[PDB]
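S.K.: Sharing an experimental structure here, sequence included.
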Amino acid sequence: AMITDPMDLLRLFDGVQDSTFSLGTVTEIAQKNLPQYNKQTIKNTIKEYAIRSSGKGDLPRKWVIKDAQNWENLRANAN
């Protein structure tokens, strides 16, 4: 079960991208902006579309939305 509404995904991506936090924390922050969804749905959605860079730098360890093409498509529809 995942977030499915484009506008909601756009809100999720914006707060996930470049975040330096744990999954539990990024999830809880997101649930405040998206109060209708449960944590497991938000986690599922983050683990589907995002990835946590290991730095390995020196590093900030951060969240990246993987498919920049997709993010672009559904950023186009809303506008």
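M.R.: Alright, I've got the coordinates. Numbering: from 1, shown residues only.

S.K.: Would you map the helices across this protein?
M.R.: 6-16, 23-33, 39-49, 68-77 (DSSP state H).

S.K.: how many other residues sit next to the closest residue to residue 29 other than its chain neighbours?
M.R.: Excluding the flanking residues, the one nearest residue 29 by Cβ to Cβ, 6 or more residues apart in numbering is residue 15, at 6.1 Å. For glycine as for every other residue, the C-beta is placed from the backbone atoms N, C-alpha and C. The local packing of residue 15 (other Cβ atoms under 10 Å) involves 17 other residues.

S.K.: Verify the contact between residue 15 and residue 31 for me.
M.R.: No - using Cβ atoms under 8 Å as the test, residue 15 is too far from residue 31 to be in contact (10.5 Å).

S.K.: got the contact list for stretch 25-39?
M.R.: 3, 8, 11-12, 15-16, 19, 21, 42-43, 46, 63 (Cβ atoms under 8 Å, 6 or more residues apart in numbering).

S.K.: Let's see that with 10 Å instead.
M.R.: 1-5, 8-9, 11-16, 19-22, 24, 40-47, 50, 52, 63 (Cβ atoms under 10 Å, 6 or more residues apart in numbering).

S.K.: need the helices of the chain in a markdown table with distance to residue 57, can you?
M.R.: As requested, these are arranged in a markdown table below (distance: least, Cβ to Cβ, whole Å):
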| stretch | distance to residue 57 |
| --- | --- |
| helix 6-16 | 19 |
| helix 23-33 | 19 |
| helix 39-49 | 22 |
| helix 68-77 | 21 |
